[PDB]
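Colleague: Following this message is one structure expressed as structure tokens.
Chains as they are written, first to last, in this note's numbering: chain A, 11 to 54; chain B, 3 to 51.
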């Protein structure tokens, strides 16, 4: 009997992950929203 | 829901004296400049033949 096994992949061991900050969040089904409030001051 | 951060710009000031523009100028601190009316510089040019 001759079988194949497909090559498995990891997300964090690909060079795609320079474009993402990666924080594992344990219970995301308990979240409604999230927000980031920027406050840009401006010189004149 | 959640706050994930408060991210704020910081204005780093740029002094005129530490620009490289100021090599094109001569900078003197002058205390009372409202008192002055007029400045004046005199040149004397001799021309030999």
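No residue lacks a Cβ here, since even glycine has one placed at the ideal position from N, Cα and C.
1. Can you pull the chain A residues whose beta carbon is under 7 angstroms from the beta carbon of residue 20 of chain B, in chain order?
2. What is the DSSP secondary structure of residue 22 of chain A, counted as helix, strand or coil?
3. List the residues of chain B that residue 45 of chain A touches, going by C-beta distances under 8 angstroms, in chain order.
4. Counting beta carbon pairs with one atom in the segment 32 to 39 of chain B and one in the segment 10 to 24 of chain B, are three or more of them shorter than 8 angstroms?
5. Tell me which residue opens and which closes the beta strand (DSSP E) that residue 35 of chain B is part of.
6. Taking the beta strand (DSSP E) that residue 8 of chain B belongs to, which residues open and close that run?
7. Looking only at DSSP bridge pairs, what is residue 55 of chain A linked to?
Modeller: Per the coordinate set shown:
1. Against the second chain, residue 20 of chain B aligns to sequence position 18. Correct list: empty, because the minimum Cβ distance to chain A is about 17 angstroms.
2. Working through the first chain from its first residue, we reach residue 22 of chain A at position 12. Residue state, collapsed to three classes: coil.
3. Taking the first residue of the first chain as position 1, residue 45 of chain A is located at position 35. Correct list: 3, 4, 5, 6.
4. Between the segment 10 to 24 of chain B and the segment 32 to 39 of chain B there are fewer than three C-beta pairs closer than 8 angstroms, too few to call the two in contact.
5. Here residue 35 of chain B is taken as the residue at index 33 of the second chain, counted from 1. No beta strand (DSSP E) contains residue 35 of chain B, which DSSP labels as neither H nor E.
6. Against the second chain, residue 8 of chain B aligns to sequence position 6. Run containing residue 8 of chain B: 5 to 10, per the beta strand (DSSP E) assignment.
7. Chain A is shown only over 11 to 54; residue 55 of chain A falls outside these bounds and no answer can be derived.
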